[PDB]
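Only one structure is covered here, and it is reproduced in the block below.
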Amino acid sequence: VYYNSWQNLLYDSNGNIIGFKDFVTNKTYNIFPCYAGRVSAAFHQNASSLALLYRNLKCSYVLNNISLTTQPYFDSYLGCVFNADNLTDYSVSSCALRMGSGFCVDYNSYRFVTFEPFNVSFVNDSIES
Amino acid sequence: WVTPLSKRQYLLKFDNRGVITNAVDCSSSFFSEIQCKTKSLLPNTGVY
Amino acid sequence: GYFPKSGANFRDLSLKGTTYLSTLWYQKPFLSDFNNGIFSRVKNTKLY
Amino acid sequence: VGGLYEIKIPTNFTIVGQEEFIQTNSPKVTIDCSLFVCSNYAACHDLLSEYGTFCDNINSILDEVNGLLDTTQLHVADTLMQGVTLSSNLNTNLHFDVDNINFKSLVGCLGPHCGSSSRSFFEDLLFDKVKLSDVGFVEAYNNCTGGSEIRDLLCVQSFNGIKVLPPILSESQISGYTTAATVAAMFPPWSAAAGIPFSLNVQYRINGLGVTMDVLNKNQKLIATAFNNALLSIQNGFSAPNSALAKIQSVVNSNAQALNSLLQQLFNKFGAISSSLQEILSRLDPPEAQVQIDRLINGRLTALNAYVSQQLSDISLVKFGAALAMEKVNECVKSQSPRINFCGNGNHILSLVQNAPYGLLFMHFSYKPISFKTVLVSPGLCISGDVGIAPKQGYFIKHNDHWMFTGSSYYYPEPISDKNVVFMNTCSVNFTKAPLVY
Amino acid sequence: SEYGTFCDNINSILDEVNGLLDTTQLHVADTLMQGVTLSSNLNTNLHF
Amino acid sequence: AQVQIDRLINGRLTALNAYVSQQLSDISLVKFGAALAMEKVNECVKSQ
Amino acid sequence: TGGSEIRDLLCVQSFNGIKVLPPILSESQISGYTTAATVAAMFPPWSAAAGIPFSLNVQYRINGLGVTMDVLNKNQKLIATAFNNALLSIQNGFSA
Ligand SMILES: *[C@@H]1O[C@H](CO)[C@@H](O[C@@H]2O[C@H](CO)[C@@H](O[C@@H]3O[C@H](CO)[C@@H](O)[C@H](O)[C@@H]3O)[C@H](O)[C@H]2NC(C)=O)[C@H](O)[C@H]1NC(C)=O
Ligand SMILES: *[C@@H]1O[C@H](CO)[C@@H](O[C@@H]2O[C@H](CO)[C@@H](O)[C@H](O)[C@H]2NC(C)=O)[C@H](O)[C@H]1NC(C)=O
Ligand SMILES: *[C@@H]1O[C@H](CO)[C@@H](O[C@@H]2O[C@H](CO)[C@@H](O)[C@H](O)[C@H]2NC(C)=O)[C@H](O)[C@H]1NC(C)=O
Ligand SMILES: *[C@@H]1O[C@H](CO)[C@@H](O)[C@H](O)[C@H]1NC(C)=O
Ligand SMILES: *[C@@H]1O[C@H](CO)[C@@H](O)[C@H](O)[C@H]1NC(C)=O
Ligand SMILES: *[C@@H]1O[C@H](CO)[C@@H](O)[C@H](O)[C@H]1NC(C)=O
Ligand SMILES: *[C@@H]1O[C@H](CO)[C@@H](O)[C@H](O)[C@H]1NC(C)=O
């Protein structure tokens, strides 16, 4: 509703264009940047392939808008993981491929597993006097 | 009422409908300089 | 941009006559230098 | 006056709680130097490749810095878990208070059957007031492809190659470690409480300040209620403009400010015709576009070197803070080291720890005098065959025209005995003469 | 002015540094004064 | 004059960034020294 | 701005925008705090000296090293003289 008769471009504080009104149709659009980002690749010297993490992307978005691949995939907490088996039920006390938030990539194929470096010592003695 | 124009730097504030509600002539006074430095009409409490 | 200087003065250059015109009305300081430009604030005199 | 001095000795007391946040971690900033300097523009990536290793150096320093943060977070978690032994019969759904002291708010879910719910009510109340924790950053970046009309600066930073990664251990794991370290003082084998019940440890710590045991073991209910009232006052204190919560928010704010300044460096012209590579490459051909783009490359690479040098300087302070927090876990929470103002100010009784965004929050509990009696005290007596005696953690006082001892932190006259005395084979000068004693 | 935020960054880092020094000097003075209780009868012109 | 002044501006801004990076490094050592002095006030002067 | 013919480098630095500001607490205030912390050991309630007279604190600290109490409370004048001689040696040692 903000475009007056002499106005056709919406700018931010930095001087990027972020919206416009089309001179022919008078339709109004917001402009958003196309997605840009890195791939976090985990590699082990004893392996022939990478485990790939697309941080904060759901696998449907990666496959539909970035690239199709033949590799198996799943939606982990950190984002879409390719070429690793979802085994967060399993746990490891040491990890060379630390992904964040207590998740680790382990290699035998790759596994995506939880990192739990410390334990409590347990005894079966009574708590009560 | 008439006053001279010249090439000057202003802070301009636009509201949520794109009207200029306020302005600051940055070199006109010490408080105007604090407003332009902080890009705000009411700077935070502090020593500048 | 081309803006007024904040804290400078406007001059009320309007003149109202009834019959006689003063020859001083057509000299400095009324006749004024344009330089870069001028900003005007004008009262709309709404008669009936 | 004679051999005696006027001293104010406490006649009543309470327990007071004091919060202390110590930063042990910071947001793991990672920069893609190539994406930051050149965006999607091939003509810039060509020129940037003729600068050679500068992006490799920026990436290598940031990877070292982030490895120092990861190693520090592991060393803090190791320090929390060191020596902790718990009973497998322990169930925090039923076991939450002992000896009239209530720990229900300090203890989360224990064991994996409850999942990531191991955050305590105290830690929940502390995390809910800080938007950009680790899970806060993960949710903000998850929303960048959500199609939302909200233009989050975190998304704009990430699309320009500036991103915060999650820490190697989630805050829910650390909250599990602070929960386990807390319950390790509550129940046998008491592995964090010197191998004795928590209330007895509190009682012996207060007695060590110069308070007679005879008041302590009759006032045990009043001491327990003072203790859990202090804990409730700490919890309620986060709703006010709390200095610990202000410090935690200042960690997030200083990070967000530094990233915002680094993003604003993309819009400086550095004496080129424009700050936009789109405008340069749509105005000039390669021979002149090169001259403009090279000014932008030098500006942006200078801004990255400045940001890197600031980041190295800041992470040195984060390592110093984490080393202090590990020292307080060891010498205030797991044990009571004989160091006066180390574990907070005043007559420090005992300390407890809870997880916090990018750090640990310690609660220090102190013996606080409420009211005082002015009394005349002797620092020593000369008795019998000029044998000297000095009081242990206390004073000699005249009571009913008879010499008696009192503890220095609580007025309670009790008879003089070898239990509360240091002997000397000769009394010093200006010790009060008392031939009738012993 | 075409280098934009460079001087703003220099000023911001030095203001942070000087705020760290000020906070440190307060914490040292607090550490000196912590727990100090003196008699109001004390007068160092006679008691030394 | 612009081409020459721009070399002076780059030289002087580079020198300020170097001085800033040195100042941050030095103040980290001042904080470490102050933390030690508070520890000595507590553990040598006010107690043993 | 005193009009002196002396060209102090601090003035040239300040006119080029380089200036040292004073600290938020003056060194006079800090010397007040160190004075207060010092007299807190001299007199009751002895709040910095573990709640006992300074000479007794000194004697007990020396005894803790493995010195019998008998020689300490017999030689108290010699100990006090050694102590204030050490303090004078520090003050005089600032002239070297
Ligand atoms: C000494 O041993 C006794 C018996 O083992 C302990 O007494 C128990 O103490 C708990 C508090 O920690 C009492 O819980 C209270 O229950 C009422 C409801 O009945 C509730 O309203 C209170 O808020 C509180 O939770 C418990 O009733 C009590 N049991 C008995 C049989 O007296 C005592 O704590 C031990 N320690 C000391 C220092 O006395
Ligand atoms: C797009 O918007 C413009 C501006 O409102 C429209 O042009 C005006 O249309 C009215 C009504 O026909 C005329 O009275 C004006 O003279 C036109 N010109 C201007 C500059 O106002 C235009 O008709 C709209 N077109 C469509 C397809 O919506
Ligand atoms: C990845 O693997 C984990 C572990 O097997 C899955 O988590 C379990 O999911 C089922 C069904 O929702 C729940 O009943 C369990 O309670 C979950 N366990 C845990 C530890 O959370 C997870 O669903 C898998 N995710 C994908 C996308 O494959
Ligand atoms: C930690 O506990 C789990 C479950 O009992 C076990 O698989 C793992 O080997 C333990 N690791 C260590 C370091 O104790
Ligand atoms: C505790 O564990 C030991 C070793 O398995 C066993 O001998 C003992 O019977 C157990 N006691 C209980 C109560 O489970
Ligand atoms: C100690 O102080 C509390 C709070 O004022 C009061 O309830 C209690 O009765 C007092 N006890 C004595 C012995 O004065
Ligand atoms: C992320 O997006 C969802 C849906 O719009 C919203 O409910 C949630 O509050 C958002 N969280 C953040 C941190 O933006």
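Here, A, B, ... name the chains of the structure tokens in the order displayed, residue numbers run from 1 inside each chain, and ligands are numbered from 1 in the same displayed order.
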Requested in this report: Report as a VMD selection string which protein, DNA and RNA residues come within 7 Å of ligand 6, using only C-alpha atoms and all ligand atoms.
Outcome: chain D and resid 11 to 13 370
With C-alpha atoms retained, export the selected residues as a compact mmCIF listing (two decimals), in the first residue's frame.
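As a result, result_1.txt now contains:
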# COMPACT_ATOMS: atom_id res chain seq x y z
CA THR D 11 23.66 -12.64 67.83
CA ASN D 12 21.53 -13.84 64.89
CA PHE D 13 22.13 -14.90 61.25
CA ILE D 370 21.46 -10.17 61.03
Which residues sit within 12 Å of ligand 2, counting only C-alpha atoms and all ligand atoms, listed as a PDB file with N, CA, C and O atoms, in the first residue's frame?
ATOM      1  N   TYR A   3       3.363   2.443  -2.027  1.00  0.00           N
ATOM      2  CA  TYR A   3       3.787   3.082  -3.274  1.00  0.00           C
ATOM      3  C   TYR A   3       2.856   4.236  -3.672  1.00  0.00           C
ATOM      4  O   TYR A   3       1.740   3.997  -4.135  1.00  0.00           O
ATOM      5  N   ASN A   4       3.302   5.489  -3.554  1.00  0.00           N
ATOM      6  CA  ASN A   4       2.605   6.627  -4.160  1.00  0.00           C
ATOM      7  C   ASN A   4       2.776   6.660  -5.683  1.00  0.00           C
ATOM      8  O   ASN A   4       3.587   5.935  -6.252  1.00  0.00           O
ATOM      9  N   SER A   5       2.040   7.542  -6.356  1.00  0.00           N
ATOM     10  CA  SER A   5       2.000   7.631  -7.820  1.00  0.00           C
ATOM     11  C   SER A   5       3.367   7.799  -8.486  1.00  0.00           C
ATOM     12  O   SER A   5       3.576   7.271  -9.575  1.00  0.00           O
ATOM     13  N   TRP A   6       4.313   8.492  -7.853  1.00  0.00           N
ATOM     14  CA  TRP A   6       5.654   8.706  -8.400  1.00  0.00           C
ATOM     15  C   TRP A   6       6.685   7.654  -7.969  1.00  0.00           C
ATOM     16  O   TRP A   6       7.851   7.764  -8.341  1.00  0.00           O
ATOM     17  N   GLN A   7       6.302   6.657  -7.168  1.00  0.00           N
ATOM     18  CA  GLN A   7       7.225   5.707  -6.545  1.00  0.00           C
ATOM     19  C   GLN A   7       7.038   4.291  -7.079  1.00  0.00           C
ATOM     20  O   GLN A   7       5.916   3.823  -7.222  1.00  0.00           O
ATOM     21  N   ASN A   8       8.133   3.575  -7.330  1.00  0.00           N
ATOM     22  CA  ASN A   8       8.081   2.214  -7.879  1.00  0.00           C
ATOM     23  C   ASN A   8       9.093   1.238  -7.280  1.00  0.00           C
ATOM     24  O   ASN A   8       9.011   0.050  -7.572  1.00  0.00           O
ATOM     25  N   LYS A  21       7.172  -2.184  -7.640  1.00  0.00           N
ATOM     26  CA  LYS A  21       5.867  -2.176  -8.296  1.00  0.00           C
ATOM     27  C   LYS A  21       6.077  -2.197  -9.800  1.00  0.00           C
ATOM     28  O   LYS A  21       6.816  -1.383 -10.340  1.00  0.00           O
ATOM     29  N   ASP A  22       5.451  -3.135 -10.491  1.00  0.00           N
ATOM     30  CA  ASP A  22       5.619  -3.294 -11.929  1.00  0.00           C
ATOM     31  C   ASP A  22       4.925  -2.174 -12.705  1.00  0.00           C
ATOM     32  O   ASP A  22       3.707  -2.032 -12.624  1.00  0.00           O
ATOM     33  N   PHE A  23       5.669  -1.406 -13.502  1.00  0.00           N
ATOM     34  CA  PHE A  23       5.136  -0.245 -14.219  1.00  0.00           C
ATOM     35  C   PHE A  23       3.963  -0.573 -15.147  1.00  0.00           C
ATOM     36  O   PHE A  23       3.116   0.286 -15.384  1.00  0.00           O
ATOM     37  N   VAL A  24       3.903  -1.787 -15.693  1.00  0.00           N
ATOM     38  CA  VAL A  24       2.858  -2.181 -16.643  1.00  0.00           C
ATOM     39  C   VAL A  24       1.595  -2.682 -15.951  1.00  0.00           C
ATOM     40  O   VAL A  24       0.497  -2.247 -16.285  1.00  0.00           O
ATOM     41  N   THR A  25       1.724  -3.598 -14.995  1.00  0.00           N
ATOM     42  CA  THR A  25       0.582  -4.272 -14.348  1.00  0.00           C
ATOM     43  C   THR A  25       0.159  -3.655 -13.020  1.00  0.00           C
ATOM     44  O   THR A  25      -0.869  -4.042 -12.475  1.00  0.00           O
ATOM     45  N   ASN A  26       0.942  -2.730 -12.462  1.00  0.00           N
ATOM     46  CA  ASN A  26       0.798  -2.209 -11.101  1.00  0.00           C
ATOM     47  C   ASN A  26       0.831  -3.276  -9.992  1.00  0.00           C
ATOM     48  O   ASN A  26       0.549  -2.961  -8.838  1.00  0.00           O
ATOM     49  N   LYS A  27       1.226  -4.518 -10.283  1.00  0.00           N
ATOM     50  CA  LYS A  27       1.410  -5.549  -9.258  1.00  0.00           C
ATOM     51  C   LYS A  27       2.650  -5.274  -8.418  1.00  0.00           C
ATOM     52  O   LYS A  27       3.639  -4.754  -8.927  1.00  0.00           O
ATOM     53  N   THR A  28       2.608  -5.627  -7.138  1.00  0.00           N
ATOM     54  CA  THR A  28       3.673  -5.343  -6.163  1.00  0.00           C
ATOM     55  C   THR A  28       4.326  -6.608  -5.637  1.00  0.00           C
ATOM     56  O   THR A  28       3.643  -7.506  -5.154  1.00  0.00           O
TER      57      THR A  28
END
Requested in this report: Report as a count of residues only the set of chain G residues whose atoms approach chain E to within 9 Å, with distances computed over only C-alpha atoms.
Outcome: 18
Write as a CSV table (one decimal) with C-alpha atoms, in the first residue's frame the residues around ligand 1, taking 8 Å as the cut-off and counting only C-alpha atoms and all ligand atoms.
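Okay, this is what ended up in result-v9.csv:
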chain,number,residue,atom,x,y,z
A,129,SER,CA,19.1,-44.8,55.3
D,97,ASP,CA,14.6,-33.2,48.8
D,98,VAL,CA,16.5,-34.4,51.9
D,99,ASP,CA,17.0,-33.1,55.5
D,100,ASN,CA,14.3,-30.4,54.8
D,101,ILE,CA,16.3,-28.8,51.9
D,102,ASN,CA,14.6,-28.8,48.5
D,199,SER,CA,22.9,-31.0,55.6
D,220,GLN,CA,18.6,-27.2,61.7
D,221,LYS,CA,15.1,-26.4,60.4
Step by step, measure atom-to-atom distances between ligand 5 and each residue using only C-alpha atoms and all ligand atoms, keep those at most 10 Å, then write them as a short mmCIF file (atom, residue, chain, number, x, y, z; two decimals) with N, CA, C and O atoms, in the first residue's frame.
data_model
loop_
_atom_site.label_atom_id
_atom_site.label_comp_id
_atom_site.auth_asym_id
_atom_site.auth_seq_id
_atom_site.Cartn_x
_atom_site.Cartn_y
_atom_site.Cartn_z
N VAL A 123 26.55 -47.15 40.76
CA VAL A 123 26.53 -48.20 41.79
C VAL A 123 25.10 -48.60 42.09
O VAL A 123 24.21 -47.76 42.00
N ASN A 124 24.82 -49.83 42.48
CA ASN A 124 23.45 -50.29 42.76
C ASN A 124 23.05 -50.23 44.25
O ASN A 124 22.11 -50.90 44.67
N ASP A 125 23.75 -49.44 45.05
CA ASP A 125 23.49 -49.25 46.48
C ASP A 125 22.21 -48.46 46.77
O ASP A 125 21.80 -47.62 45.97
N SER A 126 21.57 -48.69 47.90
CA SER A 126 20.37 -47.95 48.29
C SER A 126 20.65 -46.47 48.55
O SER A 126 21.63 -46.13 49.20
N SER D 88 22.26 -46.23 40.81
CA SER D 88 21.32 -46.61 39.76
C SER D 88 19.87 -46.67 40.24
O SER D 88 18.96 -46.63 39.42
N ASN D 89 19.63 -46.71 41.56
CA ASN D 89 18.29 -46.62 42.12
C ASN D 89 17.74 -45.19 42.13
O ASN D 89 16.56 -44.99 42.41
#
Query raised in the report: If you run DSSP on this backbone, which residues of chain B come out as helix (DSSP H, G or I), and could you give them as a VMD selection string?
Result: chain B and resid 30 to 38
Output the selection as a PDB file, in the first residue's frame - N, CA, C and O atoms for each residue.
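Below is the file that was written, part13.pdb:
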ATOM      1  N   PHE B  30      25.704  19.826  18.450  1.00  0.00           N
ATOM      2  CA  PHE B  30      26.280  18.649  19.099  1.00  0.00           C
ATOM      3  C   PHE B  30      25.268  17.521  19.275  1.00  0.00           C
ATOM      4  O   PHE B  30      25.572  16.372  18.981  1.00  0.00           O
ATOM      5  N   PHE B  31      24.040  17.808  19.695  1.00  0.00           N
ATOM      6  CA  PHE B  31      23.061  16.737  19.847  1.00  0.00           C
ATOM      7  C   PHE B  31      22.668  16.140  18.498  1.00  0.00           C
ATOM      8  O   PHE B  31      22.545  14.924  18.380  1.00  0.00           O
ATOM      9  N   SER B  32      22.583  16.959  17.451  1.00  0.00           N
ATOM     10  CA  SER B  32      22.369  16.460  16.093  1.00  0.00           C
ATOM     11  C   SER B  32      23.482  15.513  15.662  1.00  0.00           C
ATOM     12  O   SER B  32      23.222  14.503  15.016  1.00  0.00           O
ATOM     13  N   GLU B  33      24.724  15.786  16.048  1.00  0.00           N
ATOM     14  CA  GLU B  33      25.846  14.908  15.745  1.00  0.00           C
ATOM     15  C   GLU B  33      25.726  13.558  16.454  1.00  0.00           C
ATOM     16  O   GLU B  33      25.946  12.523  15.831  1.00  0.00           O
ATOM     17  N   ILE B  34      25.302  13.525  17.717  1.00  0.00           N
ATOM     18  CA  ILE B  34      25.066  12.264  18.433  1.00  0.00           C
ATOM     19  C   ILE B  34      23.930  11.470  17.780  1.00  0.00           C
ATOM     20  O   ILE B  34      24.038  10.256  17.589  1.00  0.00           O
ATOM     21  N   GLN B  35      22.848  12.140  17.391  1.00  0.00           N
ATOM     22  CA  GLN B  35      21.744  11.499  16.686  1.00  0.00           C
ATOM     23  C   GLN B  35      22.219  10.879  15.374  1.00  0.00           C
ATOM     24  O   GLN B  35      21.974   9.700  15.145  1.00  0.00           O
ATOM     25  N   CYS B  36      22.964  11.600  14.534  1.00  0.00           N
ATOM     26  CA  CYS B  36      23.473  11.022  13.291  1.00  0.00           C
ATOM     27  C   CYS B  36      24.498   9.910  13.528  1.00  0.00           C
ATOM     28  O   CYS B  36      24.420   8.876  12.875  1.00  0.00           O
ATOM     29  N   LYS B  37      25.402  10.043  14.502  1.00  0.00           N
ATOM     30  CA  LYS B  37      26.372   8.988  14.837  1.00  0.00           C
ATOM     31  C   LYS B  37      25.682   7.680  15.212  1.00  0.00           C
ATOM     32  O   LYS B  37      26.071   6.618  14.742  1.00  0.00           O
ATOM     33  N   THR B  38      24.642   7.752  16.034  1.00  0.00           N
ATOM     34  CA  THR B  38      23.871   6.574  16.469  1.00  0.00           C
ATOM     35  C   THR B  38      22.740   6.180  15.516  1.00  0.00           C
ATOM     36  O   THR B  38      22.054   5.191  15.760  1.00  0.00           O
TER      37      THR B  38
END
Query raised in the report: Please, which residues of chain E lie no more than 6 Å from chain D when the count uses only C-alpha atoms, and can they be set out as a PyMOL selection string?
Result: chain E and resi 2-4
Running DSSP on the backbone, which parts of chain A land in strand (DSSP E or B), as a PDB file with C-alpha atoms, in the first residue's frame?
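Here's the written file result39.pdb:
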ATOM      1  CA  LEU A   9      11.072   0.826  -5.893  1.00  0.00           C
ATOM      2  CA  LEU A  10      11.370  -0.293  -2.242  1.00  0.00           C
ATOM      3  CA  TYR A  11      14.829   0.068  -0.666  1.00  0.00           C
ATOM      4  CA  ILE A  17      16.328  -3.061  -3.597  1.00  0.00           C
ATOM      5  CA  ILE A  18      13.952  -5.305  -1.597  1.00  0.00           C
ATOM      6  CA  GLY A  19      10.670  -4.729  -3.486  1.00  0.00           C
ATOM      7  CA  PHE A  20       9.146  -3.126  -6.580  1.00  0.00           C
ATOM      8  CA  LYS A  21       5.867  -2.176  -8.296  1.00  0.00           C
ATOM      9  CA  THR A  28       3.673  -5.343  -6.163  1.00  0.00           C
ATOM     10  CA  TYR A  29       6.416  -7.845  -5.255  1.00  0.00           C
ATOM     11  CA  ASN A  30       8.942  -8.360  -2.479  1.00  0.00           C
ATOM     12  CA  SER A  40      29.887 -29.680   5.633  1.00  0.00           C
ATOM     13  CA  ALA A  41      31.620 -32.793   4.267  1.00  0.00           C
ATOM     14  CA  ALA A  42      32.911 -35.410   6.732  1.00  0.00           C
ATOM     15  CA  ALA A  51      29.241 -37.983   4.319  1.00  0.00           C
ATOM     16  CA  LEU A  52      27.584 -34.627   3.433  1.00  0.00           C
ATOM     17  CA  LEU A  53      25.643 -32.338   5.799  1.00  0.00           C
ATOM     18  CA  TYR A  54      23.561 -29.487   4.338  1.00  0.00           C
ATOM     19  CA  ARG A  55      23.273 -27.451   7.551  1.00  0.00           C
ATOM     20  CA  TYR A  73      19.608 -39.282   2.842  1.00  0.00           C
ATOM     21  CA  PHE A  74      17.725 -38.306   6.026  1.00  0.00           C
ATOM     22  CA  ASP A  75      16.665 -35.173   7.985  1.00  0.00           C
ATOM     23  CA  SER A  76      18.933 -34.972  11.071  1.00  0.00           C
ATOM     24  CA  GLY A  79      20.068 -30.553   8.527  1.00  0.00           C
ATOM     25  CA  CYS A  80      19.941 -33.028   5.637  1.00  0.00           C
ATOM     26  CA  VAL A  81      22.623 -35.788   5.874  1.00  0.00           C
ATOM     27  CA  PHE A  82      23.699 -37.766   2.759  1.00  0.00           C
ATOM     28  CA  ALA A  84      25.375 -41.862   6.308  1.00  0.00           C
ATOM     29  CA  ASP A  85      23.085 -44.256   8.229  1.00  0.00           C
ATOM     30  CA  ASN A  86      20.777 -42.615  10.821  1.00  0.00           C
ATOM     31  CA  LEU A  87      21.932 -44.262  14.102  1.00  0.00           C
ATOM     32  CA  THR A  88      21.428 -41.514  16.762  1.00  0.00           C
ATOM     33  CA  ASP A  89      20.203 -44.302  19.097  1.00  0.00           C
ATOM     34  CA  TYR A  90      23.828 -45.549  19.036  1.00  0.00           C
ATOM     35  CA  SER A  91      26.501 -43.640  20.975  1.00  0.00           C
ATOM     36  CA  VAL A  92      30.317 -43.188  20.897  1.00  0.00           C
ATOM     37  CA  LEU A  97      34.213 -36.127  12.896  1.00  0.00           C
ATOM     38  CA  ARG A  98      32.281 -33.869  15.327  1.00  0.00           C
ATOM     39  CA  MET A  99      29.278 -32.218  13.621  1.00  0.00           C
ATOM     40  CA  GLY A 100      27.792 -30.224  16.569  1.00  0.00           C
ATOM     41  CA  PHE A 103      26.294 -35.556  16.919  1.00  0.00           C
ATOM     42  CA  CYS A 104      29.209 -37.434  15.372  1.00  0.00           C
ATOM     43  CA  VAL A 105      29.951 -39.160  12.070  1.00  0.00           C
ATOM     44  CA  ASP A 106      31.555 -42.599  12.577  1.00  0.00           C
ATOM     45  CA  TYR A 107      33.112 -44.867   9.903  1.00  0.00           C
ATOM     46  CA  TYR A 110      29.386 -43.847   7.517  1.00  0.00           C
ATOM     47  CA  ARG A 111      27.047 -43.761  10.544  1.00  0.00           C
ATOM     48  CA  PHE A 112      25.460 -40.661  12.085  1.00  0.00           C
ATOM     49  CA  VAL A 113      25.593 -41.267  15.883  1.00  0.00           C
ATOM     50  CA  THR A 114      25.449 -39.387  19.195  1.00  0.00           C
ATOM     51  CA  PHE A 115      28.653 -38.199  20.888  1.00  0.00           C
ATOM     52  CA  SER A 121      29.909 -44.039  37.414  1.00  0.00           C
ATOM     53  CA  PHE A 122      26.905 -46.121  38.593  1.00  0.00           C
ATOM     54  CA  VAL A 123      26.534 -48.201  41.792  1.00  0.00           C
TER      55      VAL A 123
END
Query - At most 6 Å from ligand 4 (only C-alpha atoms and all ligand atoms): residue list as a PyMOL selection string - result: chain A and resi 93+118-119
Find the residues around residue 27 of chain F up to 10 Å (only C-alpha atoms counted), leave out those fewer than 4 positions away in its own chain, and share them as a PDB file with N, CA and C atoms, in the first residue's frame.
ATOM      1  N   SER D 313      41.774 -12.338  19.928  1.00  0.00           N
ATOM      2  CA  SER D 313      41.886 -11.616  21.195  1.00  0.00           C
ATOM      3  C   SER D 313      40.752 -11.990  22.143  1.00  0.00           C
TER       4      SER D 313
ATOM      5  N   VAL E  17      37.609  -1.648  24.881  1.00  0.00           N
ATOM      6  CA  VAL E  17      38.852  -1.739  25.651  1.00  0.00           C
ATOM      7  C   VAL E  17      38.836  -0.830  26.873  1.00  0.00           C
ATOM      8  N   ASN E  18      38.504   0.442  26.704  1.00  0.00           N
ATOM      9  CA  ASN E  18      38.470   1.369  27.822  1.00  0.00           C
ATOM     10  C   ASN E  18      37.373   0.998  28.833  1.00  0.00           C
ATOM     11  N   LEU E  20      36.510  -2.183  29.530  1.00  0.00           N
ATOM     12  CA  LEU E  20      37.149  -3.298  30.229  1.00  0.00           C
ATOM     13  C   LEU E  20      38.116  -2.801  31.306  1.00  0.00           C
ATOM     14  N   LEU E  21      38.933  -1.788  31.013  1.00  0.00           N
ATOM     15  CA  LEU E  21      39.801  -1.171  32.016  1.00  0.00           C
ATOM     16  C   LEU E  21      38.990  -0.571  33.163  1.00  0.00           C
TER      17      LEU E  21
ATOM     18  N   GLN F  22      47.261  -4.402  18.622  1.00  0.00           N
ATOM     19  CA  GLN F  22      48.214  -4.390  19.726  1.00  0.00           C
ATOM     20  C   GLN F  22      47.526  -4.015  21.047  1.00  0.00           C
ATOM     21  N   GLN F  23      46.682  -2.985  21.068  1.00  0.00           N
ATOM     22  CA  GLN F  23      46.015  -2.546  22.293  1.00  0.00           C
ATOM     23  C   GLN F  23      45.115  -3.636  22.879  1.00  0.00           C
ATOM     24  N   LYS F  31      44.215  -7.345  32.224  1.00  0.00           N
ATOM     25  CA  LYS F  31      43.171  -8.100  32.935  1.00  0.00           C
ATOM     26  C   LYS F  31      43.740  -9.291  33.696  1.00  0.00           C
ATOM     27  N   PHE F  32      44.639 -10.060  33.091  1.00  0.00           N
ATOM     28  CA  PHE F  32      45.309 -11.157  33.785  1.00  0.00           C
ATOM     29  C   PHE F  32      46.077 -10.667  35.019  1.00  0.00           C
ATOM     30  N   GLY F  33      46.823  -9.569  34.907  1.00  0.00           N
ATOM     31  CA  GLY F  33      47.521  -8.972  36.045  1.00  0.00           C
ATOM     32  C   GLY F  33      46.567  -8.500  37.139  1.00  0.00           C
TER      33      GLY F  33
END
Query raised in the report: How would you write, as a PyMOL selection string, the set of residues no farther than 6 Å from ligand 7 when counting only C-alpha atoms and all ligand atoms?
Result: chain D and resi 139-140+143
Report task. Output the contact residues of chain E with respect to chain B at a cut-off of 12 Å, based on only C-alpha atoms, as a list in words. Result ->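 Interface list for chain E against chain B: residues 1, 4, 5, 7, 8, 11, 12, 15 and 19 of chain E.
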Requested in this report: Return as a list in words the residues belonging to chain C that are within 8 Å of chain B, counting only C-alpha atoms.
Outcome: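 Selected residues: residues 1, 2, 3, 4, 5, 6, 7, 8, 9, 10, 11, 12, 13, 14, 34, 35, 36, 37, 38, 39, 40, 41 and 42 of chain C.
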Query raised in the report: Hey, can you check how far atom CA of residue 14 of chain A sits from atom CA of residue 256 of chain D?
Result: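 Atom-to-atom, atom CA of residue 14 of chain A and atom CA of residue 256 of chain D are spaced 17.6 Å apart.
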Within 12 Å of chain A: residues of chain B, using only C-alpha atoms, as a short mmCIF file (atom, residue, chain, number, x, y, z; two decimals) with C-alpha atoms, in the first residue's frame:
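New file out19.cif:
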data_model
loop_
_atom_site.label_atom_id
_atom_site.label_comp_id
_atom_site.auth_asym_id
_atom_site.auth_seq_id
_atom_site.Cartn_x
_atom_site.Cartn_y
_atom_site.Cartn_z
CA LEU B 11 19.32 11.79 9.02
CA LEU B 12 15.79 11.00 7.73
CA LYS B 13 13.29 8.71 9.55
CA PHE B 14 10.56 6.96 7.52
CA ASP B 15 7.55 5.39 9.29
CA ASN B 16 5.83 2.02 8.50
CA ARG B 17 3.95 3.71 5.54
CA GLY B 18 6.98 5.53 4.04
CA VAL B 19 6.24 9.09 5.28
CA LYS B 39 21.40 6.78 13.49
#
